[PDB]
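Engineer: Dropping the structure in here first, questions after.
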2 protein chains.
Amino acid sequence: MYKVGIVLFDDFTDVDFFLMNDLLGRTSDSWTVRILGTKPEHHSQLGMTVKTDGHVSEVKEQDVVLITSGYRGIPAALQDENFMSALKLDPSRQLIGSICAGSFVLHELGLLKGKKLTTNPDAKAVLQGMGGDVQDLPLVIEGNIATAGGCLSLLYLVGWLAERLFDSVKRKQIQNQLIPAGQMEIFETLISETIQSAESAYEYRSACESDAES
Amino acid sequence: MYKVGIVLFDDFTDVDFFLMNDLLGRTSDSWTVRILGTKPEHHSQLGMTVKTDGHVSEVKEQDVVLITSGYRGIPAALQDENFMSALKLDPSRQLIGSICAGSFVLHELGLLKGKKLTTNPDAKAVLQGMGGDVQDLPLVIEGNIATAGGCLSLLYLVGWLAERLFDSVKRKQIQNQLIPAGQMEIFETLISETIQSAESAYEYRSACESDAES
């Protein structure tokens with residue numbers, strides 16, 4: 001059983017959080033999910049209250065760390081030195097992911113220096129100005145780090161976790177509980193291809209790096 | 001400005017509710033949304049607290065009435081006589097919709113007698129046993145009533161509202177804020193065609209009815 005930590009903060013976007021949490025909860029034999037924050041409770045943009053299971057520092061203990069999003073929440077988090085200093089992430093030993101403006105955090109931690117990433121389309125120009133090499137793609141994989149852009153790209157991000165840790169059967173089991181009735185095959189084509197295309201781009205970039213190193 | 005009422009109850013499914021609410025909130029000049037319930041607050045399956053804006057009886061006042069979903073929540077609601085008796089809906093004067101097991105409510109109100117509907121795949125067998133003529137389709141339109149099955153079919157249900165009340169420009173404006181970065185055209189094709197196919201099936205059924213009436 002893998003340990004998954006979801007990193008939370010005040011004014012997180014409700015739909016991203018609940019969808020992320022719901023997808024991960026669609027399997028009961030894969031992972032244990034803990035909500036990590038800086039306070040006993042955090043509030044969403046709509047004022048929903050979520051209790052934390054532990055401190056942000058506990059990302060150190062996780063097999064998977066996921067950063068959620070928030071229009072006002074993310075900029076506030078970036079300005080919080082204790083939040084940022086707790087997030088000591090190690091891609092050699094952890095899968096690390098983000099949704100929407102969550103990639104701002106991964107960028108500002110230095111985890112994607114010289115690498116590609118994505119975010120929600122409305123946030124792209126700002127992330128570019130912060131030095132992000134932002135692509136107009138739903139999922140961008142760089143080794144054991146993946147960033148996802150636009151809320152529904154959570155299907156790709158969680159599917160990537162399932163593919164990396166388990167297999168396609170697990171992936172399908174999870175996604176099938178959220179997808180539209182009668183469209184299982186349409187969404188399987190979409191999800192499998194989107195993830196595979198992201199892996200293909202990554203392996204190209206890795207190959208170039210190896211070529212350059214040699 | 002149209003009046004939209006979302007009908008809520010305890011143990012509603014978080015992801016369906018927050019996604020429905022988020023989509024409707026993506027336009028600020030279309031409609032005013034009110035949460036209608038039987039109590040000052042309702043709790044989700046995960047224990048999130050949502051304040052009601054008014055009583056379920058106020059569905060009478062709405063231009064659009066939407067029933068949300070819940071695995072334990074819906075069966076409880078069906079057994080609540082005061083909840084069910086408040087829901088006096090009129091398809092001649094209101095658009096009426098549901099997501100996932102929300103269609104159980106519309107069925108049990110008698111609104112879809114001799115008509116087609118959908119629900120989430122895992123709920124189909126039960127709805128069939130209640131007398132529902134359930135199809136394996138994401139969106140089923142019967143005049144001014146539409147049922148949607150599987151969480152993400154909310155894209156179709158809200159898009160149908162936008163098409164019926166406004167136009168495609170409005171629809172696209174709403175959906176583009178949730179869809180995956182770089183996949184605007186893929187999702188436009190998917191959403192536009194899914195809604196148009198549902199309207200086509202409805203107009204066929206209407207034509208048959210007219211033929212039979214003549």
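Here's how to read the names in the structure tokens: chain A, B, ... by the order shown, residue numbers from 1 in each chain, ligand numbers from 1 in the order shown.
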With the cut-off set at 8 Å and counting only C-alpha atoms, tabulate each residue of chain A with an atom at most that distance from an atom of chain B, showing the nearest atom pair and its distance in Å to one decimal, ordered by chain and increasing number, as a Markdown table.
Structural biologist:
| residue | atom | partner | partner_atom | distance |
| --- | --- | --- | --- | --- |
| A:14 | CA | B:18 | CA | 6.6 |
| A:15 | CA | B:18 | CA | 5.4 |
| A:18 | CA | B:15 | CA | 5.4 |
| A:19 | CA | B:15 | CA | 5.6 |
| A:22 | CA | B:15 | CA | 6.8 |
| A:48 | CA | B:48 | CA | 6.1 |
| A:49 | CA | B:48 | CA | 6.6 |
| A:50 | CA | B:48 | CA | 7.7 |
| A:118 | CA | B:181 | CA | 8.0 |
| A:119 | CA | B:181 | CA | 7.5 |
| A:120 | CA | B:181 | CA | 6.1 |
| A:121 | CA | B:181 | CA | 6.0 |
| A:136 | CA | B:182 | CA | 4.9 |
| A:137 | CA | B:182 | CA | 4.6 |
| A:138 | CA | B:181 | CA | 4.5 |
| A:149 | CA | B:181 | CA | 5.1 |
| A:150 | CA | B:180 | CA | 4.3 |
| A:151 | CA | B:178 | CA | 5.1 |
| A:152 | CA | B:179 | CA | 5.4 |
| A:153 | CA | B:180 | CA | 5.0 |
| A:177 | CA | B:150 | CA | 7.2 |
| A:178 | CA | B:151 | CA | 5.1 |
| A:179 | CA | B:150 | CA | 5.4 |
| A:180 | CA | B:150 | CA | 4.3 |
| A:181 | CA | B:138 | CA | 4.5 |
| A:182 | CA | B:137 | CA | 4.6 |
| A:183 | CA | B:138 | CA | 7.2 |
Engineer: Could you dump the residues just selected with N, CA and C atoms as a CSV table (one decimal), in the first residue's frame?
Structural biologist:
chain,number,residue,atom,x,y,z
A,14,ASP,N,-12.3,24.2,-4.8
A,14,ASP,CA,-13.1,23.1,-4.4
A,14,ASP,C,-13.2,22.0,-5.5
A,15,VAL,N,-13.5,22.3,-6.7
A,15,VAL,CA,-13.7,21.3,-7.7
A,15,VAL,C,-12.4,20.4,-7.9
A,18,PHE,N,-11.9,18.1,-4.7
A,18,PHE,CA,-12.9,17.0,-4.6
A,18,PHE,C,-12.8,16.0,-5.7
A,19,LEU,N,-12.5,16.4,-6.9
A,19,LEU,CA,-12.3,15.5,-8.0
A,19,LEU,C,-11.0,14.6,-7.8
A,22,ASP,N,-11.7,12.2,-5.0
A,22,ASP,CA,-12.7,11.2,-5.4
A,22,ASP,C,-12.0,10.2,-6.3
A,48,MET,N,-15.6,25.6,2.4
A,48,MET,CA,-15.7,24.3,2.9
A,48,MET,C,-14.5,24.0,3.8
A,49,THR,N,-14.7,23.2,4.8
A,49,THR,CA,-13.6,23.0,5.8
A,49,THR,C,-13.1,21.6,5.7
A,50,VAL,N,-11.8,21.4,5.5
A,50,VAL,CA,-11.1,20.1,5.4
A,50,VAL,C,-10.1,20.0,6.5
A,118,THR,N,3.0,22.3,-17.4
A,118,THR,CA,1.8,22.9,-17.8
A,118,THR,C,1.0,23.5,-16.6
A,119,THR,N,0.0,24.2,-16.9
A,119,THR,CA,-0.9,24.7,-15.8
A,119,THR,C,-2.2,25.0,-16.5
A,120,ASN,N,-3.2,25.6,-15.8
A,120,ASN,CA,-4.5,26.0,-16.5
A,120,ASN,C,-4.2,27.1,-17.5
A,121,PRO,N,-4.9,27.1,-18.6
A,121,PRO,CA,-4.7,28.1,-19.6
A,121,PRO,C,-4.7,29.5,-19.2
A,136,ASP,N,1.1,24.0,-24.0
A,136,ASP,CA,-0.3,24.0,-24.1
A,136,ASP,C,-0.8,22.5,-24.3
A,137,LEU,N,-0.6,21.8,-23.2
A,137,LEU,CA,-0.8,20.4,-23.1
A,137,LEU,C,-1.5,20.0,-21.8
A,138,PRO,N,-2.3,19.0,-21.8
A,138,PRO,CA,-3.0,18.6,-20.5
A,138,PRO,C,-2.1,18.0,-19.5
A,149,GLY,N,-2.9,20.3,-16.4
A,149,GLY,CA,-3.5,21.6,-16.6
A,149,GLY,C,-5.0,21.5,-17.1
A,150,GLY,N,-5.8,22.3,-16.4
A,150,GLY,CA,-7.3,22.2,-16.6
A,150,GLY,C,-7.9,21.1,-15.7
A,151,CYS,N,-8.9,21.4,-15.0
A,151,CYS,CA,-9.5,20.6,-13.9
A,151,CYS,C,-9.6,19.1,-14.3
A,152,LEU,N,-10.2,18.8,-15.4
A,152,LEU,CA,-10.5,17.5,-15.9
A,152,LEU,C,-9.2,16.7,-16.2
A,153,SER,N,-8.1,17.3,-16.3
A,153,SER,CA,-6.8,16.6,-16.6
A,153,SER,C,-6.4,15.8,-15.4
A,177,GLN,N,-15.4,5.1,-12.9
A,177,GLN,CA,-16.4,5.6,-11.9
A,177,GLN,C,-16.7,7.1,-12.1
A,178,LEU,N,-16.0,7.8,-12.9
A,178,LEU,CA,-16.2,9.2,-13.1
A,178,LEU,C,-16.7,9.5,-14.5
A,179,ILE,N,-16.5,8.7,-15.4
A,179,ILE,CA,-16.7,9.0,-16.8
A,179,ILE,C,-18.2,8.9,-17.2
A,180,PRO,N,-18.6,9.6,-18.2
A,180,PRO,CA,-19.9,9.5,-18.7
A,180,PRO,C,-20.5,8.1,-19.0
A,181,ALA,N,-21.7,7.8,-18.6
A,181,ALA,CA,-22.4,6.6,-18.9
A,181,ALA,C,-22.4,6.4,-20.5
A,182,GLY,N,-22.1,5.2,-20.9
A,182,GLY,CA,-22.0,4.9,-22.3
A,182,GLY,C,-20.8,5.4,-23.1
A,183,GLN,N,-19.9,6.0,-22.5
A,183,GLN,CA,-18.7,6.5,-23.1
A,183,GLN,C,-17.3,6.0,-22.6
Engineer: Quick one: residues within 12 Å of residue 84 in chain A, only C-alpha atoms, excluding same-chain residues fewer than 6 positions away - as an mmCIF file with N, CA, C and O atoms, in the first residue's frame?
Structural biologist:
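out-v9.cif, freshly written:
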data_model
loop_
_atom_site.group_PDB
_atom_site.id
_atom_site.type_symbol
_atom_site.label_atom_id
_atom_site.label_comp_id
_atom_site.auth_asym_id
_atom_site.auth_seq_id
_atom_site.Cartn_x
_atom_site.Cartn_y
_atom_site.Cartn_z
ATOM 1 N N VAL A 7 -1.216 17.969 -0.727
ATOM 2 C CA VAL A 7 -0.806 19.222 -0.078
ATOM 3 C C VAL A 7 -1.887 20.275 -0.261
ATOM 4 O O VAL A 7 -2.280 20.601 -1.390
ATOM 5 N N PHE A 9 -3.962 24.051 1.365
ATOM 6 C CA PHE A 9 -3.725 25.422 1.848
ATOM 7 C C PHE A 9 -5.053 26.169 1.772
ATOM 8 O O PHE A 9 -5.962 25.709 1.093
ATOM 9 N N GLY A 37 -1.208 19.835 5.525
ATOM 10 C CA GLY A 37 -1.352 21.273 5.538
ATOM 11 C C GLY A 37 -0.494 21.908 6.610
ATOM 12 O O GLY A 37 0.366 21.251 7.208
ATOM 13 N N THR A 38 -0.729 23.201 6.820
ATOM 14 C CA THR A 38 -0.040 23.983 7.845
ATOM 15 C C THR A 38 -0.916 24.243 9.055
ATOM 16 O O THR A 38 -0.443 24.766 10.083
ATOM 17 N N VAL A 56 2.470 19.503 6.431
ATOM 18 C CA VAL A 56 3.183 19.521 5.145
ATOM 19 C C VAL A 56 4.564 18.901 5.169
ATOM 20 O O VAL A 56 4.959 18.290 4.216
ATOM 21 N N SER A 57 5.286 19.022 6.281
ATOM 22 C CA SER A 57 6.602 18.370 6.437
ATOM 23 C C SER A 57 6.572 16.862 6.176
ATOM 24 O O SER A 57 7.604 16.274 5.840
ATOM 25 N N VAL A 59 5.374 15.284 3.798
ATOM 26 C CA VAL A 59 5.637 14.906 2.394
ATOM 27 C C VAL A 59 6.868 14.033 2.246
ATOM 28 O O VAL A 59 6.963 13.233 1.320
ATOM 29 N N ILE A 67 0.207 18.353 -5.363
ATOM 30 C CA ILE A 67 -0.111 19.732 -5.010
ATOM 31 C C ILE A 67 -1.456 20.143 -5.629
ATOM 32 O O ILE A 67 -1.600 20.090 -6.826
ATOM 33 N N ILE A 74 -2.894 29.758 -4.161
ATOM 34 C CA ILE A 74 -1.516 29.422 -4.561
ATOM 35 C C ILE A 74 -0.543 30.594 -4.328
ATOM 36 O O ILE A 74 0.534 30.401 -3.734
ATOM 37 N N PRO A 75 -0.864 31.791 -4.829
ATOM 38 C CA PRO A 75 0.015 32.922 -4.539
ATOM 39 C C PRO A 75 0.309 33.144 -3.054
ATOM 40 O O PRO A 75 1.441 33.452 -2.708
ATOM 41 N N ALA A 76 -0.696 32.996 -2.194
ATOM 42 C CA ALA A 76 -0.489 33.044 -0.756
ATOM 43 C C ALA A 76 0.491 31.964 -0.261
ATOM 44 O O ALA A 76 1.364 32.228 0.589
ATOM 45 N N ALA A 77 0.359 30.736 -0.780
ATOM 46 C CA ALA A 77 1.209 29.634 -0.369
ATOM 47 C C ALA A 77 2.658 29.904 -0.756
ATOM 48 O O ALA A 77 3.594 29.613 0.023
ATOM 49 N N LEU A 78 2.843 30.469 -1.949
ATOM 50 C CA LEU A 78 4.208 30.743 -2.435
ATOM 51 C C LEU A 78 4.906 31.760 -1.521
ATOM 52 O O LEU A 78 6.129 31.710 -1.363
ATOM 53 N N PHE A 104 2.815 25.968 -10.003
ATOM 54 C CA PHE A 104 3.577 27.156 -9.569
ATOM 55 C C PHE A 104 4.491 26.769 -8.395
ATOM 56 O O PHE A 104 5.656 27.207 -8.303
ATOM 57 N N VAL A 105 3.941 25.973 -7.482
ATOM 58 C CA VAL A 105 4.701 25.480 -6.335
ATOM 59 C C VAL A 105 5.886 24.641 -6.777
ATOM 60 O O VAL A 105 7.004 24.903 -6.364
ATOM 61 N N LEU A 106 5.647 23.656 -7.643
ATOM 62 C CA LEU A 106 6.735 22.790 -8.107
ATOM 63 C C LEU A 106 7.822 23.589 -8.830
ATOM 64 O O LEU A 106 9.012 23.361 -8.621
ATOM 65 N N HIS A 107 7.404 24.547 -9.671
ATOM 66 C CA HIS A 107 8.330 25.448 -10.329
ATOM 67 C C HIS A 107 9.162 26.230 -9.309
ATOM 68 O O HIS A 107 10.394 26.258 -9.380
ATOM 69 N N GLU A 108 8.492 26.861 -8.356
ATOM 70 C CA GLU A 108 9.218 27.723 -7.406
ATOM 71 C C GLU A 108 10.121 26.943 -6.402
ATOM 72 O O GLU A 108 11.076 27.492 -5.871
ATOM 73 N N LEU A 109 9.826 25.665 -6.171
ATOM 74 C CA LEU A 109 10.734 24.761 -5.455
ATOM 75 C C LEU A 109 12.008 24.391 -6.240
ATOM 76 O O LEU A 109 12.937 23.794 -5.681
ATOM 77 N N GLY A 110 12.059 24.717 -7.518
ATOM 78 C CA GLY A 110 13.235 24.426 -8.325
ATOM 79 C C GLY A 110 13.217 23.039 -8.905
ATOM 80 O O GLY A 110 14.194 22.630 -9.516
#
Engineer: Write out as a ChimeraX atom specification all residues of range 7-155 of chain B that DSSP puts in alpha helix (DSSP H) for this structure's backbone.
Structural biologist: /B:14-24,73-78,81-86,102-108,124-129,154-155
Engineer: List the spatial neighbours of residue 164 in chain A as a VMD selection string - criterion: any atom at most 12 Å away, only C-alpha atoms, same-chain residues fewer than 5 positions off excluded.
Structural biologist: chain A and resid 2 63 to 64 94 to 96 141 143 to 146 156 to 159 170 to 171 195 to 196 199
Engineer: Please produce a file of those selected residues containing N, CA, C and O atoms, as a PDB file, in the first residue's frame.
Structural biologist:
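Output file again-v6.pdb follows:
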ATOM      1  N   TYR A   2       0.714   2.081  -1.032  1.00  0.00           N
ATOM      2  CA  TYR A   2       1.504   3.301  -1.159  1.00  0.00           C
ATOM      3  C   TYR A   2       0.910   4.441  -0.331  1.00  0.00           C
ATOM      4  O   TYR A   2      -0.306   4.502  -0.081  1.00  0.00           O
ATOM      5  N   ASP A  63       5.002   8.249  -0.738  1.00  0.00           N
ATOM      6  CA  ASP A  63       5.395   7.673  -2.018  1.00  0.00           C
ATOM      7  C   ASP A  63       4.945   8.569  -3.172  1.00  0.00           C
ATOM      8  O   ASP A  63       5.566   8.566  -4.207  1.00  0.00           O
ATOM      9  N   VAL A  64       3.862   9.327  -2.961  1.00  0.00           N
ATOM     10  CA  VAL A  64       3.288  10.214  -3.976  1.00  0.00           C
ATOM     11  C   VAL A  64       2.954  11.498  -3.246  1.00  0.00           C
ATOM     12  O   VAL A  64       2.322  11.458  -2.190  1.00  0.00           O
ATOM     13  N   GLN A  94      10.018   9.494  -5.026  1.00  0.00           N
ATOM     14  CA  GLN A  94       8.582   9.856  -4.931  1.00  0.00           C
ATOM     15  C   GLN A  94       8.022  10.225  -6.276  1.00  0.00           C
ATOM     16  O   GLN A  94       8.725  10.867  -7.033  1.00  0.00           O
ATOM     17  N   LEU A  95       6.752   9.906  -6.538  1.00  0.00           N
ATOM     18  CA  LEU A  95       6.063  10.489  -7.665  1.00  0.00           C
ATOM     19  C   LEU A  95       5.513  11.828  -7.191  1.00  0.00           C
ATOM     20  O   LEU A  95       4.940  11.920  -6.094  1.00  0.00           O
ATOM     21  N   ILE A  96       5.669  12.873  -8.001  1.00  0.00           N
ATOM     22  CA  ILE A  96       5.274  14.230  -7.600  1.00  0.00           C
ATOM     23  C   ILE A  96       4.374  14.796  -8.704  1.00  0.00           C
ATOM     24  O   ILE A  96       4.700  14.749  -9.901  1.00  0.00           O
ATOM     25  N   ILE A 141       4.984  15.236 -18.438  1.00  0.00           N
ATOM     26  CA  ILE A 141       5.745  14.302 -17.592  1.00  0.00           C
ATOM     27  C   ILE A 141       7.248  14.573 -17.723  1.00  0.00           C
ATOM     28  O   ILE A 141       7.765  14.630 -18.817  1.00  0.00           O
ATOM     29  N   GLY A 143      10.211  12.734 -15.892  1.00  0.00           N
ATOM     30  CA  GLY A 143      10.666  11.658 -15.000  1.00  0.00           C
ATOM     31  C   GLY A 143       9.567  11.199 -14.081  1.00  0.00           C
ATOM     32  O   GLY A 143       8.564  10.608 -14.517  1.00  0.00           O
ATOM     33  N   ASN A 144       9.750  11.472 -12.790  1.00  0.00           N
ATOM     34  CA  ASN A 144       8.755  11.115 -11.763  1.00  0.00           C
ATOM     35  C   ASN A 144       7.935  12.319 -11.300  1.00  0.00           C
ATOM     36  O   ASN A 144       7.273  12.247 -10.273  1.00  0.00           O
ATOM     37  N   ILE A 145       7.995  13.409 -12.073  1.00  0.00           N
ATOM     38  CA  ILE A 145       7.187  14.599 -11.854  1.00  0.00           C
ATOM     39  C   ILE A 145       6.201  14.726 -13.020  1.00  0.00           C
ATOM     40  O   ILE A 145       6.579  14.520 -14.170  1.00  0.00           O
ATOM     41  N   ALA A 146       4.939  15.031 -12.713  1.00  0.00           N
ATOM     42  CA  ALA A 146       3.973  15.302 -13.756  1.00  0.00           C
ATOM     43  C   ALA A 146       3.122  16.474 -13.343  1.00  0.00           C
ATOM     44  O   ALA A 146       2.624  16.539 -12.211  1.00  0.00           O
ATOM     45  N   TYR A 156      -6.003  12.298 -16.287  1.00  0.00           N
ATOM     46  CA  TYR A 156      -4.662  11.946 -16.780  1.00  0.00           C
ATOM     47  C   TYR A 156      -3.623  11.812 -15.678  1.00  0.00           C
ATOM     48  O   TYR A 156      -2.770  10.902 -15.726  1.00  0.00           O
ATOM     49  N   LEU A 157      -3.694  12.698 -14.697  1.00  0.00           N
ATOM     50  CA  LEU A 157      -2.714  12.741 -13.627  1.00  0.00           C
ATOM     51  C   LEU A 157      -2.866  11.510 -12.754  1.00  0.00           C
ATOM     52  O   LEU A 157      -1.880  10.851 -12.463  1.00  0.00           O
ATOM     53  N   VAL A 158      -4.093  11.198 -12.336  1.00  0.00           N
ATOM     54  CA  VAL A 158      -4.319   9.982 -11.529  1.00  0.00           C
ATOM     55  C   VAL A 158      -4.065   8.697 -12.325  1.00  0.00           C
ATOM     56  O   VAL A 158      -3.511   7.728 -11.801  1.00  0.00           O
ATOM     57  N   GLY A 159      -4.427   8.701 -13.606  1.00  0.00           N
ATOM     58  CA  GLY A 159      -4.150   7.586 -14.476  1.00  0.00           C
ATOM     59  C   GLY A 159      -2.667   7.315 -14.623  1.00  0.00           C
ATOM     60  O   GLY A 159      -2.246   6.174 -14.674  1.00  0.00           O
ATOM     61  N   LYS A 170      -5.876  -1.236 -13.245  1.00  0.00           N
ATOM     62  CA  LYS A 170      -6.112  -0.346 -12.110  1.00  0.00           C
ATOM     63  C   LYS A 170      -6.582   1.023 -12.590  1.00  0.00           C
ATOM     64  O   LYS A 170      -7.562   1.598 -12.052  1.00  0.00           O
ATOM     65  N   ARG A 171      -5.882   1.546 -13.595  1.00  0.00           N
ATOM     66  CA  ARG A 171      -6.223   2.848 -14.154  1.00  0.00           C
ATOM     67  C   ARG A 171      -7.690   2.872 -14.591  1.00  0.00           C
ATOM     68  O   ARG A 171      -8.444   3.761 -14.192  1.00  0.00           O
ATOM     69  N   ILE A 195      -1.940  10.010 -21.879  1.00  0.00           N
ATOM     70  CA  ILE A 195      -0.825   9.612 -21.023  1.00  0.00           C
ATOM     71  C   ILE A 195       0.357   9.079 -21.848  1.00  0.00           C
ATOM     72  O   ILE A 195       1.500   9.477 -21.643  1.00  0.00           O
ATOM     73  N   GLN A 196       0.078   8.223 -22.831  1.00  0.00           N
ATOM     74  CA  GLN A 196       1.136   7.613 -23.620  1.00  0.00           C
ATOM     75  C   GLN A 196       1.868   8.702 -24.403  1.00  0.00           C
ATOM     76  O   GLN A 196       3.100   8.646 -24.525  1.00  0.00           O
ATOM     77  N   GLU A 199       4.239  10.438 -22.003  1.00  0.00           N
ATOM     78  CA  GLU A 199       5.399   9.593 -21.752  1.00  0.00           C
ATOM     79  C   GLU A 199       6.365   9.623 -22.959  1.00  0.00           C
ATOM     80  O   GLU A 199       7.595   9.649 -22.787  1.00  0.00           O
TER      81      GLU A 199
END
Engineer: Taking only range 1-201 of chain B into account, list the residues labelled strand (DSSP E or B) by DSSP (computed from the backbone), as JSON, numbers by chain.
Structural biologist: {"B": [2, 3, 4, 5, 6, 7, 12, 31, 32, 33, 34, 35, 36, 37, 41, 42, 43, 44, 49, 50, 51, 54, 55, 64, 65, 66, 67, 95, 96, 97, 98, 99, 116, 117, 133, 134, 139, 140, 141, 142, 145, 146, 147, 148]}
Engineer: So that I can see what lies close to residue 32 in chain B, please list as an mmCIF file with N, CA, C and O atoms, in the first residue's frame the residues with an atom at most 12 Å from it, counting only C-alpha atoms and leaving out residues fewer than 5 positions away in the same chain.
Structural biologist:
data_model
loop_
_atom_site.group_PDB
_atom_site.id
_atom_site.type_symbol
_atom_site.label_atom_id
_atom_site.label_comp_id
_atom_site.auth_asym_id
_atom_site.auth_seq_id
_atom_site.Cartn_x
_atom_site.Cartn_y
_atom_site.Cartn_z
ATOM 1 N N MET B 1 -31.935 37.496 -16.373
ATOM 2 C CA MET B 1 -31.216 36.524 -15.481
ATOM 3 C C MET B 1 -32.146 35.397 -15.004
ATOM 4 O O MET B 1 -33.150 35.637 -14.319
ATOM 5 N N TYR B 2 -31.803 34.169 -15.348
ATOM 6 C CA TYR B 2 -32.627 33.022 -14.983
ATOM 7 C C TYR B 2 -32.351 32.569 -13.548
ATOM 8 O O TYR B 2 -31.245 32.748 -13.009
ATOM 9 N N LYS B 3 -33.366 31.963 -12.944
ATOM 10 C CA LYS B 3 -33.245 31.430 -11.599
ATOM 11 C C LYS B 3 -33.000 29.916 -11.686
ATOM 12 O O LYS B 3 -33.802 29.198 -12.265
ATOM 13 N N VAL B 4 -31.858 29.477 -11.153
ATOM 14 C CA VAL B 4 -31.484 28.061 -11.070
ATOM 15 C C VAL B 4 -31.515 27.608 -9.606
ATOM 16 O O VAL B 4 -30.878 28.239 -8.710
ATOM 17 N N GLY B 5 -32.233 26.522 -9.353
ATOM 18 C CA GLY B 5 -32.259 25.893 -8.045
ATOM 19 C C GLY B 5 -31.605 24.504 -8.072
ATOM 20 O O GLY B 5 -31.935 23.648 -8.930
ATOM 21 N N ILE B 6 -30.664 24.291 -7.149
ATOM 22 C CA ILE B 6 -30.023 23.013 -6.972
ATOM 23 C C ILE B 6 -30.622 22.400 -5.745
ATOM 24 O O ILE B 6 -30.566 23.013 -4.641
ATOM 25 N N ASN B 21 -21.847 22.930 -9.397
ATOM 26 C CA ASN B 21 -21.813 24.286 -8.894
ATOM 27 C C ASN B 21 -20.734 25.107 -9.598
ATOM 28 O O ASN B 21 -20.945 26.276 -9.973
ATOM 29 N N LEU B 24 -21.821 25.970 -13.324
ATOM 30 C CA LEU B 24 -22.839 27.034 -13.330
ATOM 31 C C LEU B 24 -22.203 28.372 -12.944
ATOM 32 O O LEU B 24 -22.616 29.406 -13.428
ATOM 33 N N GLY B 25 -21.183 28.350 -12.088
ATOM 34 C CA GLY B 25 -20.524 29.586 -11.677
ATOM 35 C C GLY B 25 -19.558 30.151 -12.686
ATOM 36 O O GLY B 25 -18.964 31.208 -12.439
ATOM 37 N N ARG B 26 -19.388 29.486 -13.831
ATOM 38 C CA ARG B 26 -18.403 29.958 -14.808
ATOM 39 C C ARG B 26 -18.948 31.120 -15.652
ATOM 40 O O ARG B 26 -18.196 31.767 -16.403
ATOM 41 N N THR B 27 -20.238 31.397 -15.506
ATOM 42 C CA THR B 27 -20.837 32.556 -16.146
ATOM 43 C C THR B 27 -21.480 33.385 -15.037
ATOM 44 O O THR B 27 -22.101 32.841 -14.111
ATOM 45 N N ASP B 53 -29.850 28.204 0.646
ATOM 46 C CA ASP B 53 -30.365 29.523 0.365
ATOM 47 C C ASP B 53 -31.883 29.580 0.503
ATOM 48 O O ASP B 53 -32.426 30.649 0.677
ATOM 49 N N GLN B 62 -38.342 28.581 -9.699
ATOM 50 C CA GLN B 62 -37.137 28.510 -10.532
ATOM 51 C C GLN B 62 -37.411 28.334 -12.023
ATOM 52 O O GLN B 62 -38.418 27.738 -12.444
ATOM 53 N N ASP B 63 -36.487 28.857 -12.827
ATOM 54 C CA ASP B 63 -36.498 28.607 -14.263
ATOM 55 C C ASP B 63 -35.842 27.265 -14.581
ATOM 56 O O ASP B 63 -36.179 26.654 -15.566
ATOM 57 N N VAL B 64 -34.908 26.831 -13.725
ATOM 58 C CA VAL B 64 -34.166 25.580 -13.906
ATOM 59 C C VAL B 64 -34.127 24.933 -12.537
ATOM 60 O O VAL B 64 -33.781 25.592 -11.556
ATOM 61 N N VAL B 65 -34.448 23.651 -12.468
ATOM 62 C CA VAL B 65 -34.312 22.858 -11.245
ATOM 63 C C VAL B 65 -33.406 21.678 -11.540
ATOM 64 O O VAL B 65 -33.671 20.903 -12.486
#
Engineer: Which residues come within 9 Å of residue 71 in chain B, counting only C-alpha atoms, excluding same-chain residues fewer than 4 positions away, as a PyMOL selection string?
Structural biologist: chain B and resi 11-13+45+75+101+123
Engineer: Kindly indicate which residue among A:214, A:52, A:192, A:206 lies nearest to residue 36 in chain A, using only C-alpha atoms for the distances.
Structural biologist: A:52
